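Q: Dropping a structure here in structure tokens format, bear with me for questions.
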Amino acid sequence: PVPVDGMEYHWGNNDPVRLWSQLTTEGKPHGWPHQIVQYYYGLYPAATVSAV
Amino acid sequence: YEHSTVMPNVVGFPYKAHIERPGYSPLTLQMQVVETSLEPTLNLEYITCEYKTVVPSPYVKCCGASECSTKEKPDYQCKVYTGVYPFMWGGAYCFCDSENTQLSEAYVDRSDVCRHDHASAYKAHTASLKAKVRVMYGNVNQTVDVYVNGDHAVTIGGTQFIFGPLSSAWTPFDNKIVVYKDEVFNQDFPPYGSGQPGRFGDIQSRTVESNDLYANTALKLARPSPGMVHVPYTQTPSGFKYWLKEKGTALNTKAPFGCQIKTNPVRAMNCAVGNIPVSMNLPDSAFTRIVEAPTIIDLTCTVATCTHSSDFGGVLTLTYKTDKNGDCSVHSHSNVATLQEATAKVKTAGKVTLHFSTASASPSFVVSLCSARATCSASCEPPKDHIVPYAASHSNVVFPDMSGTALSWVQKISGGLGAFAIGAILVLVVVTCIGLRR
Amino acid sequence: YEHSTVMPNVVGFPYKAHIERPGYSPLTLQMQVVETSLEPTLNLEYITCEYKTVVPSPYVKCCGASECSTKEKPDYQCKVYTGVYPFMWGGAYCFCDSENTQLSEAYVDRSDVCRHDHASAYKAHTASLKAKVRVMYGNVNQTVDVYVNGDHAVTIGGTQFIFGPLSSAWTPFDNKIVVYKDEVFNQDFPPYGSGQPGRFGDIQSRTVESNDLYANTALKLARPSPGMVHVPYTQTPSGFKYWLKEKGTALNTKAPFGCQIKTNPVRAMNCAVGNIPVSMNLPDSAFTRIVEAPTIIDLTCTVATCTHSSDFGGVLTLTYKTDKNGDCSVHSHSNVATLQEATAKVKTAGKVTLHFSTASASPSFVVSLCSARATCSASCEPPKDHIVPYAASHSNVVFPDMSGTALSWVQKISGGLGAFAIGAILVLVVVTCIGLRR
Ligand SMILES: *[C@@H]1O[C@H](CO)[C@@H](O[C@@H]2O[C@H](CO)[C@@H](O[C@@H]3O[C@H](CO)[C@@H](O)[C@H](O)[C@@H]3O)[C@H](O)[C@H]2NC(C)=O)[C@H](O)[C@H]1NC(C)=O
Ligand SMILES: *[C@@H]1O[C@H](CO)[C@@H](O[C@@H]2O[C@H](CO)[C@@H](O[C@@H]3O[C@H](CO)[C@@H](O)[C@H](O)[C@@H]3O)[C@H](O)[C@H]2NC(C)=O)[C@H](O)[C@H]1NC(C)=O
Ligand SMILES: *[C@@H]1O[C@H](CO)[C@@H](O[C@@H]2O[C@H](CO)[C@@H](O[C@@H]3O[C@H](CO)[C@@H](O)[C@H](O)[C@@H]3O)[C@H](O)[C@H]2NC(C)=O)[C@H](O)[C@H]1NC(C)=O
Ligand SMILES: *[C@@H]1O[C@H](CO)[C@@H](O[C@@H]2O[C@H](CO)[C@@H](O[C@@H]3O[C@H](CO)[C@@H](O)[C@H](O)[C@@H]3O)[C@H](O)[C@H]2NC(C)=O)[C@H](O)[C@H]1NC(C)=O
């Protein structure tokens, strides 16, 4: 798992490598209100439901 | 000109400060934390290493008796056996058939290579932070090594800098620490003088050169077999060798906040947490008189493209009318967006471009070029790439502006409902006043 | 047989612990704290010593001019003067009358004897207590050196001793310390890189051998007098030498709880505060079986003379009946009175004598000889000497027993008042009952 904080992994003798994620999703912001909720649901899929 | 600020303790984050003196044109500094180092304070408890058992040759007394003598040696064991009849290759000596005696002796001592291969048991407390900050502004560009506590002032090009104490007091080392070569272990070791056989700390020494030694390995002697000379014994195997095979994990692969643990000295590096207050004291030669810098009027900020990604994925444009061409110091007064540059060349053409990185769907920030001001607002689309190998260049703020599409919809719906409720209130008030007037 | 106790942290106080194994005769130990040492943890900040101004010879240029050159020296100063016409014993050189220049130069440097006479500025935190205890019981003497924290076990004649952490966490050293030879001061010194001229810390060095130096002593050059070669200059006097005569007080003559401060290493010794928990583990050979111990019956305790003074100002007499003659252990089960001796010789004559020290007007305590018991009460008169040169040998308990003279008077008076109140309430209740039955 690679959260937005990122992570590092050590493989054999190689140097550790760090990988970071981006705030990417599947909805459409600046669309119909049934698409803005979709956008803010890929991000934080636990507080959007409560707020709605 | 005294100034104060607070800058994040994140390696590589391009912090820029805006200093706006009342009599001079504004200035923009750039500070960056190239490297950080967290140093604990250590008190050595003892040293452990593999033991080595010393077995002197037996003393077989022919036709007689021998007596054991006590000695002051670590884990000394001595016993006397009767009725022995040894043998050798050519014949059996001790002519007396059964009135013989063998004295078995053994004791333990620190190994030969304990000075090269040993583990130290420390107590770690009261960490001290130390950094290496790169400070650049105007025509100044230098890197300095600073102690991050409010008592080390370093002068960079005539300016005094005091980096205040770290905001938080979090350190990754427990009270007790066991160090081996280049690995640090969060472990609880037995007290000196009470180590148990077979586990870590079966033999303990206060220091690698210290003459005293506490050893407890359960060394026990046994009666030799008939017709042989061998001094048998049994002993619980080494504790340092059990420990090496069963220490488990480390701290190099377990520390929070992604900070590397290094040894000699013990130190945790690049460990992102907290904020670093900064105090300054600038001379009067850094600024420029407001008369000399250009005058900027009618500033409009328009956003070309936006994409809330990690790198600088937004392009900004400024239109203005200026009298003379020179230099300004751009800055963004909200942490929603972070510009890339701290200086722009203004020209009579009246058009400059800037790059910014943001992490919210609809940002709103106020940007200033020399003394002017402007409010920028834009709509940004998410990026497609799932994973990238560089850290975020924004402050990671997500709440959109009240003028964004989502919040515009919320405002409109709430306004409609509020108008309905106000109309109902008015109807009720009119009805009740008419009823009471009767 | 595991055991635990709590002993005062006062030097020389003869603590006696009483151990009562059910299958064996009681045992009495004696533990005395010969010496303590409160050892802080120190981090060096910088080193200050008197400075020494270096003035190279002037370079008088004849019929020409010279330019100033900048250099990286501590508090460096350089200037060029115009129109000098110097003179020497034989005459006046620089043939040109007016077109000559003289170049003045000076800078500061650390003194020659700075390695032998300097003041160190430290940070002190997290003191560590180390003690030297004398343990005597049965027939075993001996004095050991024990770290007073819950993880150092030392064995004295087969008995394992662990001296627990100190009750209090009080230290006489503030956060910041200045150490000079054999004197410690509680002082707040300027941060490195920001020392002010003329006071402590005008010049600072990170270590005795460190090459870097920071100097701020207001060195300022002046124009040479006409017809002279001297390089005049002015400079604010040394701040270290000023500090020497106006440091004020110390900590050796200022510390609380009467503990002497020493140096190399910095430590505060014999400093009476708190309590020291003690854990034990005794072998079976330390005790004597109850069958071997003499049997004591009908124990009665009488006090001949008493005087609540610092030394042992009481004499105690015990009468009993025994079957055999041997050794008993004597202990007092209350801290109001402390017995001088821990064992006594029981004889068929049926009389032993003891010495005790008390600090209350009327003490009451129970004393045991081997397994017997007896309750002792006495009336003690105050002493006559106003001042003595030795410490107190009692536990400083003043409240008398409820059976004392003063408490007897209080009890009698309160009993009379209670009888009166009870009679009143009885009369009122009788009258109320008669009235209600009407
Ligand atoms: C040469 O061989 C003879 C073998 O008989 C050795 O004679 C032995 O000498 C030892 C001297 O200590 C005798 O030991 C003693 O035995 C008595 C009785 O058991 C005991 O009470 C003493 O405390 C002591 O242990 C031993 O008995 C004796 N052997 C006999 C008499 O048969 C002789 O010592 C040898 N000479 C050498 C090795 O130079
Ligand atoms: C302010 O001064 C620092 C140095 O005091 C400048 O750091 C410079 O950083 C660049 C890249 O960030 C370095 O160039 C690199 O050189 C390596 C050599 O192998 C090359 O592989 C890289 O691709 C890159 O070209 C440069 O060496 C370094 N200068 C030094 C160390 O003296 C910094 O750039 C200065 N600020 C500005 C705005 O220029
Ligand atoms: C011997 O003594 C004579 C005495 O005059 C020295 O002559 C002087 O030389 C200096 C250096 O060349 C002259 O200074 C120059 O002045 C002109 C202005 O006239 C200026 O433009 C130059 O830049 C330079 O500063 C100086 O004028 C001249 N004396 C006179 C009266 O003109 C000579 O240098 C001495 N020689 C030695 C080897 O000491
Ligand atoms: C356990 O060991 C200590 C130290 O060896 C014993 O303390 C010592 O006690 C003897 C007397 O029993 C002291 O000798 C005399 O001391 C007086 C003191 O005024 C002096 O005037 C005499 O000239 C003579 O030296 C000795 O000084 C003393 N040592 C110390 C360091 O205090 C202790 O008595 C031993 N335990 C037992 C049960 O004996």
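Naming scheme: A, B, ... for chains in displayed order of the structure tokens; residues 1 onward per chain; ligands 1 onward as shown.
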Apply DSSP to the backbone of this structure and, from range 180-382 of chain C, keep only the residues in strand (DSSP E); write these as an NGL selection string.
A: :C and (180 or 183-186 or 203-204 or 214-215 or 220-221 or 233-234 or 260-262 or 267-269 or 275-281 or 296-306 or 314-322 or 326-332 or 337-339 or 343-346 or 351-358 or 364-369 or 374-377)
Q: Taking only C-alpha atoms and all ligand atoms into account, which residues have an atom no farther than 10 Å from ligand 3? I'd like them as a list in words.
A: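 The distance check yields residues 62, 63, 64, 65, 94, 95, 96, 97, 99 and 100 of chain C.
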Q: With only C-alpha atoms and all ligand atoms as the atoms that count, which of B:368, B:141, B:375, B:32 lies nearest to ligand 2?
A: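 Selected residue with least distance to ligand 2: B:141.
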Q: Excluding residue 255 in chain C and residues on its chain fewer than 3 positions from it, collect all residues at most 10 Å away from it, counting only C-alpha atoms, and give them as a PyMOL selection string.
A: chain C and resi 171-173+250-252+258-261+268+271
Q: I'd like the neighbourhood of residue 398 in chain C as a ChimeraX atom specification, where a residue qualifies if any of its atoms comes within 12 Å (using only C-alpha atoms), though same-chain residues fewer than 2 positions away should be ignored.
A: /C:308,335-337,358-364,380,394-396,400-401
Q: Go ahead and write the selection's residues with N, CA, C and O atoms as a PDB file, in the first residue's frame.
A:
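And here is the file that came out, result22.pdb:
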```
ATOM      1  N   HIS C 308      15.100  13.537  75.929  1.00  0.00           N
ATOM      2  CA  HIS C 308      14.950  13.550  74.475  1.00  0.00           C
ATOM      3  C   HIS C 308      15.988  14.485  73.856  1.00  0.00           C
ATOM      4  O   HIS C 308      15.710  15.608  73.430  1.00  0.00           O
ATOM      5  N   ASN C 335       9.006   4.178  64.844  1.00  0.00           N
ATOM      6  CA  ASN C 335      10.114   5.085  64.571  1.00  0.00           C
ATOM      7  C   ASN C 335      10.214   6.223  65.575  1.00  0.00           C
ATOM      8  O   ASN C 335      11.033   7.123  65.383  1.00  0.00           O
ATOM      9  N   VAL C 336       9.394   6.217  66.625  1.00  0.00           N
ATOM     10  CA  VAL C 336       9.494   7.264  67.635  1.00  0.00           C
ATOM     11  C   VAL C 336      10.793   7.137  68.420  1.00  0.00           C
ATOM     12  O   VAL C 336      11.336   8.140  68.894  1.00  0.00           O
ATOM     13  N   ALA C 337      11.318   5.922  68.573  1.00  0.00           N
ATOM     14  CA  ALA C 337      12.567   5.701  69.286  1.00  0.00           C
ATOM     15  C   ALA C 337      13.433   4.728  68.507  1.00  0.00           C
ATOM     16  O   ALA C 337      12.935   3.729  67.984  1.00  0.00           O
ATOM     17  N   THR C 358      15.221   9.249  71.493  1.00  0.00           N
ATOM     18  CA  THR C 358      13.871   9.688  71.177  1.00  0.00           C
ATOM     19  C   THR C 358      13.812  11.202  71.175  1.00  0.00           C
ATOM     20  O   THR C 358      14.680  11.877  71.730  1.00  0.00           O
ATOM     21  N   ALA C 359      12.764  11.735  70.544  1.00  0.00           N
ATOM     22  CA  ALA C 359      12.612  13.178  70.406  1.00  0.00           C
ATOM     23  C   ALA C 359      11.217  13.653  70.780  1.00  0.00           C
ATOM     24  O   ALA C 359      10.822  14.753  70.380  1.00  0.00           O
ATOM     25  N   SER C 360      10.463  12.857  71.527  1.00  0.00           N
ATOM     26  CA  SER C 360       9.129  13.230  71.969  1.00  0.00           C
ATOM     27  C   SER C 360       9.091  13.289  73.489  1.00  0.00           C
ATOM     28  O   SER C 360       9.910  12.678  74.178  1.00  0.00           O
ATOM     29  N   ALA C 361       8.129  14.056  74.004  1.00  0.00           N
ATOM     30  CA  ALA C 361       8.011  14.221  75.447  1.00  0.00           C
ATOM     31  C   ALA C 361       7.657  12.909  76.132  1.00  0.00           C
ATOM     32  O   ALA C 361       8.195  12.597  77.197  1.00  0.00           O
ATOM     33  N   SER C 362       6.752  12.130  75.538  1.00  0.00           N
ATOM     34  CA  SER C 362       6.311  10.860  76.111  1.00  0.00           C
ATOM     35  C   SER C 362       6.239   9.815  75.008  1.00  0.00           C
ATOM     36  O   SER C 362       5.256   9.768  74.251  1.00  0.00           O
ATOM     37  N   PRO C 363       7.255   8.967  74.877  1.00  0.00           N
ATOM     38  CA  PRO C 363       7.249   7.952  73.823  1.00  0.00           C
ATOM     39  C   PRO C 363       6.512   6.689  74.243  1.00  0.00           C
ATOM     40  O   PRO C 363       6.391   6.366  75.423  1.00  0.00           O
ATOM     41  N   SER C 364       6.024   5.965  73.239  1.00  0.00           N
ATOM     42  CA  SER C 364       5.430   4.652  73.463  1.00  0.00           C
ATOM     43  C   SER C 364       5.727   3.777  72.254  1.00  0.00           C
ATOM     44  O   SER C 364       5.317   4.106  71.139  1.00  0.00           O
ATOM     45  N   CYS C 380      10.043  11.592  79.530  1.00  0.00           N
ATOM     46  CA  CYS C 380      11.365  12.109  79.210  1.00  0.00           C
ATOM     47  C   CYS C 380      11.430  13.612  79.450  1.00  0.00           C
ATOM     48  O   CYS C 380      10.542  14.353  79.024  1.00  0.00           O
ATOM     49  N   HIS C 394      17.566  10.512  66.020  1.00  0.00           N
ATOM     50  CA  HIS C 394      16.185  10.066  66.093  1.00  0.00           C
ATOM     51  C   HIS C 394      15.469  10.423  64.798  1.00  0.00           C
ATOM     52  O   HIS C 394      16.021  11.079  63.915  1.00  0.00           O
ATOM     53  N   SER C 395      14.220   9.986  64.687  1.00  0.00           N
ATOM     54  CA  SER C 395      13.435  10.242  63.488  1.00  0.00           C
ATOM     55  C   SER C 395      12.662  11.548  63.557  1.00  0.00           C
ATOM     56  O   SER C 395      11.877  11.832  62.648  1.00  0.00           O
ATOM     57  N   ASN C 396      12.852  12.333  64.618  1.00  0.00           N
ATOM     58  CA  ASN C 396      12.230  13.647  64.770  1.00  0.00           C
ATOM     59  C   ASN C 396      10.706  13.543  64.768  1.00  0.00           C
ATOM     60  O   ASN C 396      10.017  14.113  63.927  1.00  0.00           O
ATOM     61  N   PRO C 400       3.185  13.136  71.400  1.00  0.00           N
ATOM     62  CA  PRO C 400       3.235  12.153  72.486  1.00  0.00           C
ATOM     63  C   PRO C 400       2.133  11.110  72.356  1.00  0.00           C
ATOM     64  O   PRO C 400       1.210  11.228  71.551  1.00  0.00           O
ATOM     65  N   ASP C 401       2.252  10.069  73.174  1.00  0.00           N
ATOM     66  CA  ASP C 401       1.265   9.003  73.185  1.00  0.00           C
ATOM     67  C   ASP C 401      -0.040   9.487  73.805  1.00  0.00           C
ATOM     68  O   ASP C 401      -0.071  10.443  74.584  1.00  0.00           O
TER      69      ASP C 401
END
```
Q: Identify, on the basis of only C-alpha atoms, every residue whose closest approach to residue 145 in chain B does not exceed 12 Å; exclude the query and any residue fewer than 4 positions from it along the same chain; express the result as a JSON list (two decimals) with N, CA, C and O atoms, in the first residue's frame.
A:
```json
[["chain", "number", "residue", "atom", "x", "y", "z"],
["B", 33, "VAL", "N", 15.38, 23.27, 3.92],
["B", 33, "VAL", "CA", 16.05, 22.38, 4.85],
["B", 33, "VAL", "C", 16.69, 21.27, 4.03],
["B", 33, "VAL", "O", 16.03, 20.33, 3.61],
["B", 34, "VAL", "N", 18.00, 21.38, 3.81],
["B", 34, "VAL", "CA", 18.70, 20.39, 3.00],
["B", 34, "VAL", "C", 18.84, 19.07, 3.76],
["B", 34, "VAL", "O", 18.77, 17.99, 3.16],
["B", 35, "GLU", "N", 19.03, 19.13, 5.07],
["B", 35, "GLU", "CA", 19.34, 17.94, 5.85],
["B", 35, "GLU", "C", 19.06, 18.20, 7.32],
["B", 35, "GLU", "O", 19.26, 19.32, 7.79],
["B", 36, "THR", "N", 18.61, 17.18, 8.03],
["B", 36, "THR", "CA", 18.25, 17.26, 9.44],
["B", 36, "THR", "C", 18.89, 16.09, 10.18],
["B", 36, "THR", "O", 19.19, 15.06, 9.59],
["B", 37, "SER", "N", 19.13, 16.26, 11.48],
["B", 37, "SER", "CA", 19.79, 15.21, 12.25],
["B", 37, "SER", "C", 19.35, 15.31, 13.70],
["B", 37, "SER", "O", 19.49, 16.37, 14.31],
["B", 129, "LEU", "N", 18.29, 18.50, 18.21],
["B", 129, "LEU", "CA", 18.13, 18.56, 16.76],
["B", 129, "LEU", "C", 19.22, 19.42, 16.16],
["B", 129, "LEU", "O", 19.76, 20.31, 16.82],
["B", 130, "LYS", "N", 19.58, 19.14, 14.91],
["B", 130, "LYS", "CA", 20.58, 19.90, 14.19],
["B", 130, "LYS", "C", 20.29, 19.81, 12.70],
["B", 130, "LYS", "O", 19.95, 18.74, 12.20],
["B", 131, "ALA", "N", 20.43, 20.93, 11.99],
["B", 131, "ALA", "CA", 19.96, 21.02, 10.62],
["B", 131, "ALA", "C", 21.03, 21.67, 9.75],
["B", 131, "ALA", "O", 22.06, 22.11, 10.24],
["B", 132, "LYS", "N", 20.76, 21.71, 8.45],
["B", 132, "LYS", "CA", 21.64, 22.36, 7.49],
["B", 132, "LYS", "C", 20.77, 23.08, 6.47],
["B", 132, "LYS", "O", 20.30, 22.47, 5.51],
["B", 133, "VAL", "N", 20.58, 24.38, 6.67],
["B", 133, "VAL", "CA", 19.56, 25.15, 5.97],
["B", 133, "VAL", "C", 20.22, 25.99, 4.89],
["B", 133, "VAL", "O", 21.26, 26.60, 5.13],
["B", 134, "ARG", "N", 19.63, 25.99, 3.70],
["B", 134, "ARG", "CA", 20.10, 26.80, 2.59],
["B", 134, "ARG", "C", 19.25, 28.05, 2.48],
["B", 134, "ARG", "O", 18.04, 27.96, 2.26],
["B", 135, "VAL", "N", 19.88, 29.22, 2.60],
["B", 135, "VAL", "CA", 19.18, 30.50, 2.61],
["B", 135, "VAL", "C", 19.63, 31.32, 1.42],
["B", 135, "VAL", "O", 20.82, 31.62, 1.29],
["B", 152, "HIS", "N", 21.37, 29.57, 18.96],
["B", 152, "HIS", "CA", 22.51, 29.60, 18.05],
["B", 152, "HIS", "C", 22.18, 30.57, 16.93],
["B", 152, "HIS", "O", 21.34, 30.27, 16.08],
["B", 153, "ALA", "N", 22.85, 31.72, 16.93],
["B", 153, "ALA", "CA", 22.63, 32.75, 15.93],
["B", 153, "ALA", "C", 23.76, 32.73, 14.91],
["B", 153, "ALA", "O", 24.93, 32.81, 15.28],
["B", 154, "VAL", "N", 23.40, 32.63, 13.64],
["B", 154, "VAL", "CA", 24.36, 32.51, 12.55],
["B", 154, "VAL", "C", 24.12, 33.64, 11.57],
["B", 154, "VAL", "O", 22.98, 33.92, 11.20],
["B", 155, "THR", "N", 25.20, 34.28, 11.15],
["B", 155, "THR", "CA", 25.13, 35.45, 10.28],
["B", 155, "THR", "C", 25.35, 35.03, 8.83],
["B", 155, "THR", "O", 26.38, 34.42, 8.51],
["B", 156, "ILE", "N", 24.40, 35.36, 7.97],
["B", 156, "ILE", "CA", 24.47, 35.07, 6.54],
["B", 156, "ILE", "C", 24.39, 36.39, 5.80],
["B", 156, "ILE", "O", 23.30, 36.97, 5.67],
["B", 161, "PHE", "N", 20.27, 35.07, 11.93],
["B", 161, "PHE", "CA", 19.21, 34.06, 11.91],
["B", 161, "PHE", "C", 19.27, 33.24, 13.19],
["B", 161, "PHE", "O", 20.33, 32.73, 13.55],
["B", 162, "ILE", "N", 18.13, 33.10, 13.86],
["B", 162, "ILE", "CA", 18.02, 32.24, 15.03],
["B", 162, "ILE", "C", 16.87, 31.27, 14.79],
["B", 162, "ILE", "O", 15.71, 31.70, 14.70],
["B", 163, "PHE", "N", 17.17, 29.98, 14.70],
["B", 163, "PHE", "CA", 16.16, 28.97, 14.40],
["B", 163, "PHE", "C", 15.65, 28.41, 15.72],
["B", 163, "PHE", "O", 16.39, 27.77, 16.46]]
```
Q: Dump the neighbourhood of ligand 4 as a PyMOL selection string: all residues within 9 Å, distances computed on only C-alpha atoms and all ligand atoms.
A: chain C and resi 134-143
Q: With N, CA and C atoms retained, export the selected residues as a CSV table (one decimal), in the first residue's frame.
A:
```
chain,number,residue,atom,x,y,z
C,134,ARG,N,27.1,0.8,53.3
C,134,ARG,CA,27.7,-0.2,54.2
C,134,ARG,C,26.6,-1.1,54.8
C,135,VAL,N,26.8,-2.4,54.6
C,135,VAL,CA,25.8,-3.4,55.0
C,135,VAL,C,26.4,-4.3,56.0
C,136,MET,N,25.8,-4.4,57.1
C,136,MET,CA,26.4,-5.3,58.2
C,136,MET,C,25.2,-6.0,58.9
C,137,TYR,N,25.4,-7.4,58.9
C,137,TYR,CA,24.4,-8.2,59.7
C,137,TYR,C,25.1,-9.5,60.0
C,138,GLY,N,24.6,-10.2,61.0
C,138,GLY,CA,25.2,-11.5,61.4
C,138,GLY,C,26.6,-11.3,61.8
C,139,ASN,N,27.5,-11.7,60.9
C,139,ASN,CA,29.0,-11.5,61.1
C,139,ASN,C,29.6,-10.9,59.9
C,140,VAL,N,28.9,-10.4,58.9
C,140,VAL,CA,29.4,-9.9,57.7
C,140,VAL,C,29.4,-8.4,57.7
C,141,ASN,N,30.6,-7.8,57.5
C,141,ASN,CA,30.7,-6.4,57.3
C,141,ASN,C,30.7,-6.1,55.8
C,142,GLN,N,31.2,-5.0,55.3
C,142,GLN,CA,31.6,-4.6,53.9
C,142,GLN,C,30.8,-3.4,53.4
C,143,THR,N,31.5,-2.6,52.6
C,143,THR,CA,30.9,-1.4,52.0
C,143,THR,C,31.0,-1.6,50.4
```
Q: Identify all chain B residues at most 7 Å from chain A by counting only C-alpha atoms; ligands do not count. Present them as a VMD selection string.
A: chain B and resid 309 to 310 382 to 384 386 to 391 405 to 406
Q: Please determine the contact residues of chain B with respect to chain C at a cut-off of 9 Å, counting only C-alpha atoms, and supply them as a list in words.
A: residues 41, 125, 126, 150, 151, 152, 153, 154, 155, 190, 191, 192, 193 and 194 of chain B
Q: Could you write out that same residue set with N, CA, C and O atoms as a short mmCIF file (atom, residue, chain, number, x, y, z; two decimals), in the first residue's frame?
A:
```cif
data_model
loop_
_atom_site.label_atom_id
_atom_site.label_comp_id
_atom_site.auth_asym_id
_atom_site.auth_seq_id
_atom_site.Cartn_x
_atom_site.Cartn_y
_atom_site.Cartn_z
N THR B 41 21.05 11.68 23.70
CA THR B 41 22.11 11.71 24.70
C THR B 41 22.19 10.34 25.37
O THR B 41 21.20 9.86 25.90
N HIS B 125 18.04 9.57 26.01
CA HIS B 125 17.06 10.55 26.46
C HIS B 125 17.49 11.94 26.00
O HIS B 125 18.68 12.19 25.76
N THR B 126 16.51 12.83 25.88
CA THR B 126 16.72 14.25 25.61
C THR B 126 17.48 14.46 24.30
O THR B 126 18.67 14.78 24.27
N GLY B 150 16.70 27.63 20.34
CA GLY B 150 16.70 29.08 20.27
C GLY B 150 17.93 29.74 20.84
O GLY B 150 17.85 30.82 21.41
N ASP B 151 19.09 29.10 20.68
CA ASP B 151 20.35 29.63 21.16
C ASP B 151 21.50 29.25 20.24
O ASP B 151 22.49 28.65 20.66
N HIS B 152 21.37 29.57 18.96
CA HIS B 152 22.51 29.60 18.05
C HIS B 152 22.18 30.57 16.93
O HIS B 152 21.34 30.27 16.08
N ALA B 153 22.85 31.72 16.93
CA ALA B 153 22.63 32.75 15.93
C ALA B 153 23.76 32.73 14.91
O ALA B 153 24.93 32.81 15.28
N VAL B 154 23.40 32.63 13.64
CA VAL B 154 24.36 32.51 12.55
C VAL B 154 24.12 33.64 11.57
O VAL B 154 22.98 33.92 11.20
N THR B 155 25.20 34.28 11.15
CA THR B 155 25.13 35.45 10.28
C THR B 155 25.35 35.03 8.83
O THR B 155 26.38 34.42 8.51
N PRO B 190 18.47 -6.79 30.67
CA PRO B 190 18.51 -7.04 32.10
C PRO B 190 19.48 -6.09 32.79
O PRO B 190 20.44 -5.61 32.17
N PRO B 191 19.27 -5.81 34.07
CA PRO B 191 20.18 -4.92 34.79
C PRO B 191 21.56 -5.53 34.93
O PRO B 191 21.73 -6.75 34.89
N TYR B 192 22.56 -4.67 35.10
CA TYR B 192 23.91 -5.18 35.32
C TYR B 192 23.96 -5.99 36.60
O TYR B 192 23.42 -5.59 37.63
N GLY B 193 24.61 -7.14 36.53
CA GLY B 193 24.73 -8.00 37.68
C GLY B 193 23.57 -8.93 37.91
O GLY B 193 23.56 -9.65 38.92
N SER B 194 22.58 -8.95 37.02
CA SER B 194 21.43 -9.85 37.16
C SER B 194 21.06 -10.45 35.81
O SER B 194 19.88 -10.65 35.52
#
```
Q: Mind pulling up the distance from CA of residue 369 in chain C to CA of residue 344 in chain C?
A: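 About the pair CA of residue 344 in chain C and CA of residue 369 in chain C: they are 8.2 Å apart.
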Q: Using Å and a single decimal, report how far CA of residue 273 in chain B sits from CA of residue 257 in chain B.
A: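 Computing the Euclidean distance for CA of residue 257 in chain B and CA of residue 273 in chain B yields 7.2 Å.
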Q: Hey, what's within 12 Å of residue 16 in chain B if we count only C-alpha atoms and toss same-chain stuff fewer than 4 positions away? As a PyMOL selection string, please?
A: chain B and resi 5-8+27-32+134-137+329-335+338-343
Q: From the DSSP assignment of the backbone, select every residue of chain A that is alpha helix (DSSP H), and format the answer as a VMD selection string.
A: chain A and resid 33 to 42 47 to 51
Q: Write out as JSON, numbers by chain which residues come within 12 Å of range 287-291 of chain C when counting only C-alpha atoms, dropping same-chain ones fewer than 4 positions away.
A: {"C": [1, 18, 19, 20, 21, 22, 23, 24, 25, 26, 27, 28, 29, 137, 138, 139, 282, 283, 295, 296, 323, 324, 326, 327, 328, 329, 370, 371]}
Q: I'd like the interatomic distance between CA of residue 159 in chain B and CA of residue 4 in chain B, to a tenth of an Å.
A: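 According to the coordinates, CA of residue 159 in chain B and CA of residue 4 in chain B are separated by 13.0 Å.
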